[PDB]
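Chemist: I have a structure here, written as structure tokens, and I will follow up with some questions on it.
Basis: the model, the stated rules and, where named, an outside source; nothing here is a laboratory result. Neighbour counts are summed over all protein chains in view; Cβ atoms, including those assigned to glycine, are modelled from backbone coordinates with ideal geometry.
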Amino acid sequence: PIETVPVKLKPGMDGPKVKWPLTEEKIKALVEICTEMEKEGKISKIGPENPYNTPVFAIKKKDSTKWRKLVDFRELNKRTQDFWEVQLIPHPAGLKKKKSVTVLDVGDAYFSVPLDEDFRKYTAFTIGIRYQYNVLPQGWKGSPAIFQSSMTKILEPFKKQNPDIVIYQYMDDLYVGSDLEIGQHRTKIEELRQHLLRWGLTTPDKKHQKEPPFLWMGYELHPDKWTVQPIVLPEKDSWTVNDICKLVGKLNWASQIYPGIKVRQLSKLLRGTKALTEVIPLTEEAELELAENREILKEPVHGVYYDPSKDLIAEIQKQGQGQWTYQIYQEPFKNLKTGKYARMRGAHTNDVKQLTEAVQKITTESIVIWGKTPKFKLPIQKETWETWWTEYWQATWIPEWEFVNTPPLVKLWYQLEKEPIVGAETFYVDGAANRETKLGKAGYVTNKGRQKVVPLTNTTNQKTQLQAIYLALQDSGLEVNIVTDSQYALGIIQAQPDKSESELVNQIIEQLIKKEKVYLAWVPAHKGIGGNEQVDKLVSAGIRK
Amino acid sequence: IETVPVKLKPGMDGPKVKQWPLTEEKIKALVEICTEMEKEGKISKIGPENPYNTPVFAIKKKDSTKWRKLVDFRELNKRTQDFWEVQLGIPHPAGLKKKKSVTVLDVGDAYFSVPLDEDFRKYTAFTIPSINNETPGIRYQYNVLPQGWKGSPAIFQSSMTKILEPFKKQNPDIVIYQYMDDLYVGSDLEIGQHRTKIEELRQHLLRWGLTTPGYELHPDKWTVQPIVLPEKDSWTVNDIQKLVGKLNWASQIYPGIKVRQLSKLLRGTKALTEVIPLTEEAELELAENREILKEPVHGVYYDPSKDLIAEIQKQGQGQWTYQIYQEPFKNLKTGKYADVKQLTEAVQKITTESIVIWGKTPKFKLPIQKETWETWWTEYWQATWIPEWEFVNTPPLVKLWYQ
RNA sequence: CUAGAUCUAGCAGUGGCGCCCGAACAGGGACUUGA
């Protein structure tokens, strides 16, 4: 029939030889399936010479009928030579608007492909009696790859005969359809059924063809719309870690169509908690979070299918705390799908960097789904973005975009001047501690002798200098020109982070935003540069040695 | 035909790199060109028999609007270096860089006129991607000398020598270099005469039926950028601290550096907005540092066996910088250039510089995210070879190198 | 081959949420030796 692809083994290896215990009620069960597979013409039985072993492990799955058969290749998968993996899944929004849609399922398709005789020796199906699988077995590493390759190379001629028809294949489902009437649609469907039976496949005439909307791994495919499988949520008060993970997965899978989903406040509960039974209190924050999510999920919504002719637009609705959002619609209110981006690429970050990362991720998603980049409509002016990426140390470029006036907006609470100014004051500061006590100490200095020192508690040198500059700014005026001795403070300040994790830097920025202007510089130690060495010696009391 | 056999590093493993997403606008052209590429008998569809895979993409080069293709053999080259470094090696002349001007060429098309060892074709795996996972990638295999590789020319030099001899025999003053599919040339004469000789060389290559259908380059003008310092009279404590920090950061680079006379005025604490006129000792040290920095580095060399590194930063308004070094603090060249388009053009120029000077592709260090570049670098490419790369956070010390 | 109180059970391939280890770069701190 088809063209079987040879298969070899790893260098310097052979078949696995392993002796488990089975029950009795599952015996007649294995014999029945084995007989049906052998007499049908799929599996042979040659086990007199072949000294190999492939144990069995039956199990009762959902829709309890009985203990069905499986096969164990856990020890052979590693022995097998690594094969090529391709199918690493499509998205409903990545489809087209077709009228005549249909699906073509297949039963026992795996066993519909014989295997090379040179490798059938490695399938000793002991139980006795043996049955060597002459077709693609289950659990075998290269089973799905060979399956899809065979399917593609066998459907190639049909593709060449009907290029105007679309075929979005899958492991076993064959999504097909066009914008034609039902008549020649069913005619071509019968032609495809015949072309498939040419190779020995199965397709009935009363399957789930007019039965849809389909069920596609938790999706609902309608003629001119689509949506995820009908999702629900509990209505209790207590929450366990298991239930937390379950509902988080559910809401993250459903957020792709439902805009306005927050999982930050609800994901923070996992910090530290790792047991499988510890209960946690739903902080008022997460409480209102889940309440709003439920209220939003109280109404149904469906998507649409992308049209290659028309373009696609994007948009973003910021809400604070890094819980960004975005949608994609070709027309007003016709949101194709949505997503979410709240990752923390380092606690120290700002709003513009998060926006850049989000738009980059959206562009990548659109490229891998639709194959291009859409026009973005962001809540930010051109001059501010320009000044930012021009005064930065990277190249943050984005495609064509525009501004949208829909609060909340994006802006910079403060800026940084590249040149000191008169009327200000200088504060030579520094902060360190020891590796054992960590009771650091730091203060500030001025030209009029106005200095003051305060100690620290259990903090590293970095945090020590951070608290030092904190104390220095708490008593300073509005404008100042400060100098430091480490790159940590300068790197954290120049980045203009409008949000972070450590409450320390949060208070830093809170106290700094009120300042009308501010200036910062850096000079290294071990050289005696002005007040640097002076304050270092002053704070050297019982800190170094 | 004698397809010499070759393999990867001893007991090594073939490349199995993934394939980043592509755009349909380019995938259409890729499929359209691969149709004829296969019709011509250059490749053949295959299956998952081999787990190897190589990244692929399209481009839109200058002087045309077609959508050419290429391959990324970075891992293959890193693993098969020894092959072309020992078996089939070539010398690296140095006088070519002193010429008045040169003109890069492209003879990659001529490589397809020679099949390759069948046992080695298994390492030439390249799979085109698919949009929305519609259909698995249509795998293929380069049955002939692929492009973007240095082993194909390493083995084809045998015939390239005779192919070139008739022309260089008549023009000994001209010098030619061959690094990859792109060909080079040495010209030290009139520019019009240079272009006439280039046309004559094209006709020469076309002689035997082996058809071979930026633009120019001027390396004589490239010189090491001397680190320049400010020259003024009013040196506030802010500028004084700035200069002290710059000199201290340069000390570890330039051994003969001193800040003694400049470290005296710092002993007097004061604001950053007051002016202070330095004494003669300060001016003496200033002049000494100026005389020291203006001189190039003395004690550096080039190792043809070690690796290469070349950092790159950004200042503003297209004021780009760049450096090259093998070990830390070992500078070999500097310069200037005056967003993704600018960076791509700059790396292209610096790679051409490294090729004409040292004849080797360095390992850049781009100050940008990974996804952004990996996605938006192919659209603005024009060459045919691809060097390595990596990413690093820029500290506030290299930016002080220049404005 | 492993888990639970000699008996019973325990399977793999894909997409997510949450944790641990190793490699490379950056910043910081100490032990030996010499000037």
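Chemist: List, please: which pairs have Cβ atoms under 8 Å, are six or more places apart or on different chains, and start with a residue in segment A:243-254 that is near RNA strand C (Cβ under 7 Å from one of its atoms) and end with one that is of a type in the set (D, E, K, R)?
Modeler: Correct list of pairs: A:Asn252/A:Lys340.
Chemist: Moving to a separate point now. Taking interchain pairs and intrachain pairs at least six residues apart, which have beta carbon atoms under 6 angstrom, with the first residue in segment B:375-403 and under 30 Å from B:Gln81 (Cα atoms) and within 14 Å of RNA strand C (Cβ to nearest atom) and the second assigned to a loop (DSSP other than H, G, I, E, B) and of a type in the set (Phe, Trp, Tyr)?
Modeler: none
Chemist: A further question on this structure: Return yes or no: is A:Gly449 at positive phi, within 14 Å of chain B (Cβ to nearest Cβ) and either loosely packed, with under 14 Cβ neighbours inside 10 Å or within 42 Å of the chain's Cα centre (by Cα) (or both)?
Modeler: Yes, satisfied.
Chemist: If you go through segment A:524-538 one residue at a time, how many are within 13 Å of RNA strand C (Cβ to nearest atom) and among the aliphatic types (A, V, I, L, M)?
Modeler: Here the count works out to 1.
Chemist: Go through segment B:108-139 residue by residue and tally those that are in a loop (DSSP other than H, G, I, E, B) and of a type in the set (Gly, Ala, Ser).
Modeler: Residues flagged as in a loop (DSSP other than H, G, I, E, B) and of a type in the set (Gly, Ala, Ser) within segment B:108-139 amount to 2.
Chemist: Scan segment A:261-312 residue by residue and report those that are hydrophobic (A, V, I, L, M, F, W, C), surrounded by fewer than 14 Cβ atoms within 10 Å (Cβ to Cβ) and within 16 Å of RNA strand C (Cβ to nearest atom).
Modeler: Listed by number, the residues that qualify are A:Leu270, A:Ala275, A:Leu276, A:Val279.
Chemist: Test A:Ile493 against the criterion of being assigned to a strand (DSSP E or B), in contact with a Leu (Cβ under 8 Å, 6 or more places away or on another chain) and either within 14 Å of chain B (Cβ to nearest Cβ) or more than 13 Å from RNA strand C (Cβ to nearest atom) (or both), and give yes or no.
Modeler: Taking the combined requirement at face value, the residue does not satisfy it.
Chemist: Right, next: Which is more than 41 Å from the chain's Cα centre (by Cα) and surrounded by fewer than 17 Cβ atoms within 10 Å (Cβ to Cβ), of A:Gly528, A:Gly491?
Modeler: So the residue among A:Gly528, A:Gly491 that is more than 41 Å from the chain's Cα centre (by Cα) and surrounded by fewer than 17 Cβ atoms within 10 Å (Cβ to Cβ) is A:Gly528.
Chemist: Only one of (1) within 21 Å of A:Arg74 (Cβ to Cβ); (2) away from RNA strand C (no atom under 16 Å from the Cβ); (3) buried (at least 17 other Cβ atoms within 10 Å of the Cβ) is not met by A:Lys121, so which one is it?
Modeler: (3)
Chemist: Have a look at A:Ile89, A:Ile27, A:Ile43 and point out the one that is more than 14 Å from chain B (Cβ to nearest Cβ) and either farther than 29 Å from A:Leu155 by Cα or surrounded by fewer than 15 Cβ atoms within 10 Å (Cβ to Cβ) (or both).
Modeler: So the residue among A:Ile89, A:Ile27, A:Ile43 that is more than 14 Å from chain B (Cβ to nearest Cβ) and either farther than 29 Å from A:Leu155 by Cα or surrounded by fewer than 15 Cβ atoms within 10 Å (Cβ to Cβ) (or both) is A:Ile27.
Chemist: Inside segment B:137-188, can you point out the residues that are buried (at least 21 other Cβ atoms within 10 Å of the Cβ), charged (D, E, K, R) and either within 18 Å of the chain's Cα centre (by Cα) or more than 30 Å from B:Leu22 (Cα to Cα) (or both)?
Modeler: Once the filter is applied, which keeps residues that are buried (at least 21 other Cβ atoms within 10 Å of the Cβ), charged (D, E, K, R) and either within 18 Å of the chain's Cα centre (by Cα) or more than 30 Å from B:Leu22 (Cα to Cα) (or both), segment B:137-188 yields B:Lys150, B:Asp181.
Chemist: If you scan segment B:245-287, which residues turn out to be in a helix (DSSP H, G or I) and among the polar types (S, T, N, Q)?
Modeler: Across segment B:245-287, the qualifying residues are B:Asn248, B:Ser251, B:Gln261, B:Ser263.
Chemist: Out of everything in segment A:1-17 that is away from chain B (no Cβ under 14 Å), farther than 21 Å from A:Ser150 by Cα and surrounded by fewer than 14 Cβ atoms within 10 Å (Cβ to Cβ), what residue ends up being nearest to RNA strand C (Cβ to nearest atom)?
Modeler: Among those residues, the one meeting the criterion is A:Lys17.
Chemist: Give just the number: which of (1) surrounded by fewer than 16 Cβ atoms within 10 Å (Cβ to Cβ); (2) within 11 Å of RNA strand C (Cβ to nearest atom); (3) within 14 Å of another protein chain (Cβ to nearest Cβ) does A:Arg74 not satisfy?
Modeler: Answer for A:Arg74: the failing condition is (3).
Chemist: Within segment A:390-440, which residues are hydrophobic (A, V, I, L, M, F, W, C), within 7 Å of chain B (Cβ to nearest Cβ) and within 42 Å of the chain's Cα centre (by Cα)?
Modeler: Matches in segment A:390-440: A:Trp393, A:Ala395, A:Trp397.
Chemist: In this structure, is A:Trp226 more than 16 Å from RNA strand C (Cβ to nearest atom), surrounded by 12 or more Cβ atoms within 10 Å (Cβ to Cβ) and under 30 Å from A:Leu378 (Cβ atoms)?
Modeler: Yes, satisfied.
Chemist: Separate question: I'd like the full set of residues that are more than 8 Å from chain A (Cβ to nearest Cβ) and not aliphatic (A, V, I, L, M), limited to segment B:360-378.
Modeler: B:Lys360, B:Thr361, B:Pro362, B:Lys363, B:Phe364, B:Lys365, B:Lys370, B:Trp373, B:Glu374, B:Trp377, B:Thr378
Chemist: Tell me the strands (runs of 3 or more DSSP E) entirely within segment A:374-431 that contain at least 1 residues that are under 30 Å from A:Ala541 (Cβ atoms) and of a type in the set (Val, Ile, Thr).
Modeler: Here the list reads A:426-428.
Chemist: Next up: Starting from residues that are more than 15 Å from RNA strand C (Cβ to nearest atom) and in a strand (DSSP E or B), keep the ones in segment A:453-490 and report whichever is nearest to the other protein chains (Cβ to nearest Cβ).
Modeler: The selected residue is A:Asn481.
Chemist: Follow-up. Mind listing whichever residues of segment B:18-31 are of a type outside the set (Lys, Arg) and either loosely packed, with under 15 Cβ neighbours inside 10 Å or facing chain A (nearest Cβ under 8 Å) (or both)?
Modeler: B:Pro21, B:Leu22, B:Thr23, B:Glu24, B:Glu25, B:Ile27, B:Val31
Chemist: From A:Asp498, A:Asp475, which residue is in contact with a helix residue (DSSP H, G or I) (Cβ under 6 Å, 6 or more places away or on another chain) and outside the structural domain of A:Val352 (by TED's automatic domain parsing)?
Modeler: Testing whether each residue is in contact with a helix residue (DSSP H, G or I) (Cβ under 6 Å, 6 or more places away or on another chain) and outside the structural domain of A:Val352 (by TED's automatic domain parsing) leaves just A:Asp498.
Chemist: A:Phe333 versus (1) surrounded by fewer than 16 Cβ atoms within 10 Å (Cβ to Cβ); (2) closer than 30 Å to B:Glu25 by Cα; (3) within 11 Å of chain B (Cβ to nearest Cβ): which is the lone unmet condition?
Modeler: Only one criterion in (1) surrounded by fewer than 16 Cβ atoms within 10 Å (Cβ to Cβ); (2) closer than 30 Å to B:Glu25 by Cα; (3) within 11 Å of chain B (Cβ to nearest Cβ) is unmet by A:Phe333, namely (3).
Chemist: Out of B:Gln252, B:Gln193, B:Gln225, report the one residue that is farther than 30 Å from A:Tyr444 by Cβ and within 14 Å of chain A (Cβ to nearest Cβ).
Modeler: Testing whether each residue is farther than 30 Å from A:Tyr444 by Cβ and within 14 Å of chain A (Cβ to nearest Cβ) leaves just B:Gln252.
Chemist: So, one more: Of all residues being aromatic (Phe, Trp, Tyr) and within 11 Å of RNA strand C (Cβ to nearest atom) in segment A:18-69, which is farthest from A:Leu201 (Cα to Cα)? Just the residue, please.
Modeler: Checked segment A:18-69; the qualifying residue farthest from A:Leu201 (Cα to Cα) is A:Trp20.
Chemist: Let me ask something else. Is it fair to say A:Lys372 is in contact with a helix residue (DSSP H, G or I) (Cβ under 7 Å, 6 or more places away or on another chain) and basic (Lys, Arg)?
Modeler: Spelling it out, A:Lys372 is indeed in contact with a helix residue (DSSP H, G or I) (Cβ under 7 Å, 6 or more places away or on another chain) and basic (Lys, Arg).
Chemist: Go through (1) away from RNA strand C (no atom under 16 Å from the Cβ); (2) buried (at least 18 other Cβ atoms within 10 Å of the Cβ); (3) within 22 Å of A:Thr35 (Cα to Cα) one by one and return the number of the condition A:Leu174 breaks.
Modeler: Only one criterion is unmet by A:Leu174, namely (3).
Chemist: With the requirement that a residue be over 19 Å from A:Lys340 (Cβ atoms), surrounded by fewer than 18 Cβ atoms within 10 Å (Cβ to Cβ) and within 8 Å of chain B (Cβ to nearest Cβ), what does segment A:360-388 give you?
Modeler: Within segment A:360-388, just A:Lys372 meets the criteria.
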